[PDB]
Each structure stands twice: as structure tokens, then as C-alpha cells.
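Read the structure below first, then the notes.
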Amino acid sequence: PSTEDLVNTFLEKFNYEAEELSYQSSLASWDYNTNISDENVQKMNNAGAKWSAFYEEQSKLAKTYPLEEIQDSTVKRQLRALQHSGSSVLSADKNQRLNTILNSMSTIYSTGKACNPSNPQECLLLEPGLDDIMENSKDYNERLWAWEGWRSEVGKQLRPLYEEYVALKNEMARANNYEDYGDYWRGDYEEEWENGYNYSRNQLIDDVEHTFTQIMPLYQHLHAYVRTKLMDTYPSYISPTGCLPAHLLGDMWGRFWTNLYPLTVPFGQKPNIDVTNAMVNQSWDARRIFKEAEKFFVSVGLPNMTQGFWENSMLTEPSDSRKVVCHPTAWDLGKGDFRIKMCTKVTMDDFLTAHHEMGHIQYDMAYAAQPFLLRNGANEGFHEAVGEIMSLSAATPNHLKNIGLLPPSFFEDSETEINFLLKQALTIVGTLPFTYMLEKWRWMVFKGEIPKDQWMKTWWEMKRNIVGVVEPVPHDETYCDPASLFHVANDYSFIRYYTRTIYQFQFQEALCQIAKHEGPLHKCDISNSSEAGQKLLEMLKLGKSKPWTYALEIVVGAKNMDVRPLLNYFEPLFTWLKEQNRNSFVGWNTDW
Ligand SMILES: *[C@@H]1O[C@H](CO)[C@@H](O[C@@H]2O[C@H](CO)[C@@H](O[C@@H]3O[C@H](CO)[C@@H](O)[C@H](O)[C@@H]3O)[C@H](O)[C@H]2NC(C)=O)[C@H](O)[C@H]1NC(C)=O
Ligand SMILES: *[C@@H]1O[C@H](CO)[C@@H](O[C@@H]2O[C@H](CO)[C@@H](O[C@@H]3O[C@H](CO)[C@@H](O)[C@H](O)[C@@H]3O)[C@H](O)[C@H]2NC(C)=O)[C@H](O)[C@H]1NC(C)=O
Ligand SMILES: *[C@@H]1O[C@H](CO)[C@@H](O)[C@H](O)[C@H]1NC(C)=O
């Protein structure tokens, strides 16, 4: 028996026991995440810990099989993924050290309460009190205090922690065949085999950077517009040819300029399409929302939800009978038990959200044919990108009129279109540079290119040169503002949002081009395009069996990211911004 045949037997065993154990874990997690109950909490911990142990032991055993001697790229990929043990190689001592550091950083983050000068008790935790301030306040001093306090009482505390976390994680990375924790994270995009469908980890840097080059002009003009309107709101502090203060971006970090819409609304009279009132009138219940979503997916040719979906999902808050976590989640428990958890209300947002989450469900149903280790999206962004393209189609007033939530005679005034596209811009085009800069700083820091003495300095240097944002109060290396973000303090990648964003518009433009739609890409409802849903399935079923490049080619027609779809989607807004910015400054001073 060739070592590969023995390998097949190994994996065929792994997936057979794993599929099961993961289903047991997932059912326990449905129990806890729904029927919050200490008992159920304890059972969740038990089952998840058994999953952890199984994966770890099977990973060691997989290492005892040599990847270099595996033929079928499919088998090789499953093995490779299972062979990536990670924390195992480090001594159990060092393991507990890093576990304690991650736990302590997350506990500092969660236990984050800053107090207000003049108030010895206005001290409030982050999620309850601080954010509203950073999103619905027009007081420079209040927002300033919040921003400074977090990056002061929390970032400083995390500073030594993250300092040692970098060294430990780097040792873990190089413990595996890796140059830095950066290369380890970049490997999630690394795939090999097939014809030229291979993507080396270091190519990710090249591609992210060139895509950001093409997106830079749009971000520049968006910067101008937001800057000028904010100037009129905060005149004493904003400079016309300068970067923007961080505390005025709409959230503690300024990851999404969405909350700046009231202060930066194009026009401002033409109301915003809110079918919410219409839903409230047609008595649309949560089930009706999800049923219309089902009808959409059937229209493009995709299947409809299992009986199990309608019978086992929690589509509504559990009245008052139980206590639940509301954050919307899509669930593939394994073994065909697909579900969705949401505290669905009667709101356009929850409607579009149901379409997104059900798109996740459809992806899950489409790759059930694949084995366990290949039952996932091709990269880390395929999934949420599919989800988002659903909401894009379900937001076009065309589809809103079809479902009967907007009168037929209703017409789109160019003004309302610009308003909508600008809101999309802040939330999308705003996080794009923020994301690039965050992950670049982390990548270089893990690569060591940024020494600790110039750790924070570079950070704000980039925040200005890239993001176009400036520090309100100068911060020394005593601070650690990067750790101030949950995705950074809790050891999570961040480039996923950038990649997802670039992907979703590529997908939407390809599929729309299939539906033979003509006109702006912000007006596309792939509804009834059997061919569109067919291409989508022809990718979705592939899972991660085939290279992510292959999935892309099967859908969009290219093997690598392309920003041209994103630009085409926002091009109207781009031109309007250019004209609105002619007699003003488009750019920002680096040192300011
Ligand atoms: C989903 O869309 C299909 C498209 O034809 C609708 O046709 C239904 O197809 C199903 C499956 O082939 C047929 O079997 C049914 O399955 C459900 C799910 O377990 C079960 O509850 C039914 O008693 C039946 O066994 C079904 O006869 C057929 N119905 C038609 C043609 O009216 C289907 O209606 C959609 N899904 C569901 C659950 O109805
Ligand atoms: C995508 O395709 C669907 C078809 O499933 C389109 O919805 C359909 O729209 C037509 C025209 O309004 C509806 O016609 C209706 O026929 C019934 C037959 O009894 C009649 O009583 C009504 O007065 C009306 O004329 C049709 O029922 C409806 N399909 C449904 C409700 O399942 C939809 O407009 C298409 N969307 C896009 C973006 O192309
Ligand atoms: C919720 O948990 C409690 C405590 O473990 C248990 O007695 C009860 O049967 C559970 N109910 C549901 C609906 O999960």
C-alpha cells in the first residue's frame, strides 16, 4: 500500500469521526447559544474541548504521513490543512504562556471602562457607553476624551502583552515552516497544484497593494468630501489640506465612516428608501422575510431550504421563554442540519440580512457533497462575499417593487441614488484603506521590519500616509493603539474584509453580466437568471476542493483580484465627487 493509500484510509477515517464529533459539538452550541443555561454552557465546553483534542491528535498522526508523497491535490490539501497543528509545536509551557496572554488581552479588552474628566463615576464600559459617544456626538472634546482614554488605559496595558505575544507567535510560525506569523496568516490564501491555479503567500502582498493603488483615487475624493462637510461641523480643528482627526470618523477606530452620513449626506432632503414601514403595514412576519429570500434563491435556480431549516432554525427572539445571543449567525451543524439564528425584527436591514445569511446557508448546502476537510469556502472571503452580493441584489428598488414593498410608479431620482451610493461608500470604501493599513502594520511587525522603538510611530505615520487620518493627541511607545481593536487584541486576521469586499463586486458584475442586465451595476437583481445561479452553484459546490483561483475563474473569469468591478459599481459616485471636489483640495499632508 503506497503511503498515499494509507493516507486516504487515514483521512477517510478522520472525516468520518470528525463529521460526527463536529455535529455533536454544533448541536451543543445550538443548545447554549439558544437556551442560555449554565448546564448548556458546561456541555458546550465539554463538546468543544473534545473537538479540540481530536483535531490535535489527528494532526500529529497526519504529520506522521509525508505531504511530499501525496498525489491527488485534493488529498494533499486535506492533509496539509490537518498537518498545520500550530500551537502544538511550542512547549506546553510556552503554550500556556500564549494562552494566558490571549486570554488576558481579551479580558482587558472586554473589561474596558473609561471614566469622564469632571465625572468620578461617568466611567462606562466600551460596548454600552463609549461607542454611542464616538458615533452620535458632535463634541470634539467628548470624542477626544473617549479615543484617548481607550488607547491610554487599555492599549498601554496591552502594550507589554502584545510585545511578548509577537515573539511567541513568531516562534510558533517559524516553529512550523514559516518566516513570521504574517506568513502563517497569509498562507490561508496560499493554494497549490492544478495549472497555474497556485497562489504563493507572498503574492498576497503584491496583489493587495496594487488593488489599493487603483482604489486610492476614490478614497482621495471621498476623503475630500467627508473632510469638507466635517469642517463645516468642526471648523476650529479641521485643516482643508490636512488629514482627518481620528476621533471624528464615526467609531472609536474609524473603521467605517457610516455614522458620518448625517454630517456628510449628499443632498439631504430626498429621503432614504426604507421599506420598513411598508413591511410593518403588510404585516410581513419574520417567516415571510425568509420565505421571500427562499423564493429569490429558487428564482436564480438554487434549491430551497430543508424542512429542517424551517423546523429547527430560530428566526425570531424566543419571546421571553429563554435567553439568547442575537448576533445573526448561519449554521452548518453537519449531517444536513442547516439552521439560522437571528433576532429577526420587521426591518429592511433584517430583511437584507436574512438574504445574506441564507446565501451563506446556500453555499453550505452546495458543498455538502465534498468531504469534511474540503467543506468550506475557497478562501476566507468567498463566504461573506456571497452573503453580501445577495443583499446588493435585494436592495435594488426593482426587487423591492417585485416583492410588493414599493409602489410601481416610484422612480429613482439621481439624488437618492447618490445618497445611497455615498452611504455604501463610507461603509465600504472607508474600511478598505483602514484594513490595508492595519494588516500591513501587523505583517511588517511580525516580519520585524518595525522595531519596538518605532512601533507606534510608524503606525500613525501610515494612518496619515495611507488612511489619511491624524492622531488627535500624540502617543508615545507607552501606548499600543493597534491592540485597541477586538480583531487585533483577540488574534484575528483582518485582510479578510479587504479581500471579501474586492470579491463581492467581481461576483456581482459577472453574474449580472450573465442576466444580460444593462445599466449601472448598482441596479442589478439577478432574480430569475437561471444561468447566473448556475454559475454561482458551479463555484459554490467546489468548496475548497479546487484552488480559490479556479473558483474565481469559474465565476468571474479571472484568476486573481480585480478592482474594476468595485469602481464600476461606484463610478457614478466617483464622478459626482470629482465635480463636488473641483474647487477644493483632493489629498492630505503626510506630516500635516
Ligand atoms: C422547493 O422547490 C420545489 C421545486 O419543484 C418544490 O417542489 C417540491 O419538490 C419536493 C422535492 O422534490 C417535493 O417533495 C416534497 O418535499 C418536502 C420537503 O421534505 C416535503 O415536505 C413534501 O411533503 C414533499 O415530500 C414536493 O412534492 C414538490 N412540491 C410541489 C411540486 O409542489 C417544493 O415545493 C419546494 N419545497 C418544499 C418543501 O415545498
Ligand atoms: C422574476 O420572476 C418572477 C416570476 O416568478 C416575477 O414575478 C412575477 O411577476 C408577474 C407580473 O407582475 C406576476 O404576474 C401575476 O400573475 C398572476 C397569475 O394569476 C395574476 O393574478 C397577477 O395579476 C399578476 O399579473 C407573477 O405572479 C409574478 N410571479 C410570482 C408572484 O411568483 C418577477 O417580477 C421577476 N423579477 C425580475 C427582477 O425579473
Ligand atoms: C434550558 O436549560 C435548562 C437548564 O439546564 C433545562 O432544564 C431546560 O430543559 C432547557 N430548556 C430548553 C428549551 O433548552
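Chain labels run A, B, ... following the order of the C-alpha cells; each chain numbers its residues from 1, and ligands are numbered from 1 in the order shown.
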
So which residues are near ligand 2, meaning at most 7 Å away with only C-alpha atoms and all ligand atoms counted, given back as an MDAnalysis selection string? chainID A and resid 299 398:399 402 525 527:528

Which residues are close to residue 284 in chain A, i.e. within 10 Å by only C-alpha atoms, leaving aside same-chain residues fewer than 6 positions away? Reply as a list in words. residues 276, 278, 345, 346, 347 and 405 of chain A

Could you write those residues out with N, CA, C and O atoms, as a PDB file, in the first residue's frame?
ATOM      1  N   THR A 276     -39.171  49.505   5.455  1.00  0.00           N
ATOM      2  CA  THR A 276     -39.502  49.041   6.799  1.00  0.00           C
ATOM      3  C   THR A 276     -40.947  49.359   7.154  1.00  0.00           C
ATOM      4  O   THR A 276     -41.691  48.484   7.612  1.00  0.00           O
ATOM      5  N   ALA A 278     -43.364  49.895   5.098  1.00  0.00           N
ATOM      6  CA  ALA A 278     -44.205  49.081   4.226  1.00  0.00           C
ATOM      7  C   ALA A 278     -44.332  47.657   4.753  1.00  0.00           C
ATOM      8  O   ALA A 278     -45.431  47.091   4.787  1.00  0.00           O
ATOM      9  N   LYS A 345     -36.276  41.198  13.259  1.00  0.00           N
ATOM     10  CA  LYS A 345     -37.397  42.115  13.565  1.00  0.00           C
ATOM     11  C   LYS A 345     -38.090  42.388  12.228  1.00  0.00           C
ATOM     12  O   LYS A 345     -37.852  41.612  11.287  1.00  0.00           O
ATOM     13  N   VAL A 346     -38.926  43.419  12.153  1.00  0.00           N
ATOM     14  CA  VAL A 346     -39.555  43.788  10.855  1.00  0.00           C
ATOM     15  C   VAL A 346     -38.816  45.021  10.365  1.00  0.00           C
ATOM     16  O   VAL A 346     -39.273  46.132  10.663  1.00  0.00           O
ATOM     17  N   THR A 347     -37.695  44.832   9.674  1.00  0.00           N
ATOM     18  CA  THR A 347     -36.880  45.991   9.252  1.00  0.00           C
ATOM     19  C   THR A 347     -36.172  45.659   7.949  1.00  0.00           C
ATOM     20  O   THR A 347     -35.724  44.512   7.798  1.00  0.00           O
ATOM     21  N   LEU A 405     -43.088  45.792  -1.997  1.00  0.00           N
ATOM     22  CA  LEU A 405     -42.758  46.643  -0.862  1.00  0.00           C
ATOM     23  C   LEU A 405     -42.514  48.093  -1.270  1.00  0.00           C
ATOM     24  O   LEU A 405     -42.086  48.900  -0.435  1.00  0.00           O
TER      25      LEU A 405
END

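If only C-alpha atoms are the atoms counted, then among A:257, A:197, A:574, A:351 the closest residue to residue 292 in chain A is A:351.
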
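Note that CA of residue 313 in chain A and CA of residue 339 in chain A are 4.7 Å apart.
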
When you look at residue 550 in chain A with a cut-off of 7 Å (counting only C-alpha atoms), what residues show up, excluding the ones that are within fewer than 3 positions of it in the same chain? I need them as a PDB file with N, CA and C atoms, in the first residue's frame.
ATOM      1  N   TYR A 197      -3.004  27.559 -11.083  1.00  0.00           N
ATOM      2  CA  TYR A 197      -4.054  27.978 -10.125  1.00  0.00           C
ATOM      3  C   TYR A 197      -3.407  28.117  -8.748  1.00  0.00           C
ATOM      4  N   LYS A 546     -11.080  22.707  -5.020  1.00  0.00           N
ATOM      5  CA  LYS A 546     -10.302  23.288  -6.098  1.00  0.00           C
ATOM      6  C   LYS A 546      -9.694  24.603  -5.644  1.00  0.00           C
ATOM      7  N   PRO A 547      -8.620  25.062  -6.294  1.00  0.00           N
ATOM      8  CA  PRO A 547      -7.992  26.318  -5.870  1.00  0.00           C
ATOM      9  C   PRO A 547      -8.973  27.475  -5.912  1.00  0.00           C
ATOM     10  N   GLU A 553     -12.174  31.896 -11.448  1.00  0.00           N
ATOM     11  CA  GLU A 553     -12.255  31.755 -12.901  1.00  0.00           C
ATOM     12  C   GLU A 553     -13.609  31.206 -13.335  1.00  0.00           C
ATOM     13  N   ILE A 554     -14.089  30.160 -12.659  1.00  0.00           N
ATOM     14  CA  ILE A 554     -15.388  29.590 -12.997  1.00  0.00           C
ATOM     15  C   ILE A 554     -16.493  30.630 -12.856  1.00  0.00           C
ATOM     16  N   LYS A 559      -8.243  34.832 -12.525  1.00  0.00           N
ATOM     17  CA  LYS A 559      -7.575  34.018 -11.518  1.00  0.00           C
ATOM     18  C   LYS A 559      -7.078  34.837 -10.335  1.00  0.00           C
TER      19      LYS A 559
END

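Near residue 580 in chain A, within 12 Å and counting only C-alpha atoms, sit residues 221, 222, 224, 225, 226, 228, 229, 266, 267, 573, 574, 575, 576, 584, 585 and 586 of chain A, not including residues fewer than 4 positions from it in the same chain.
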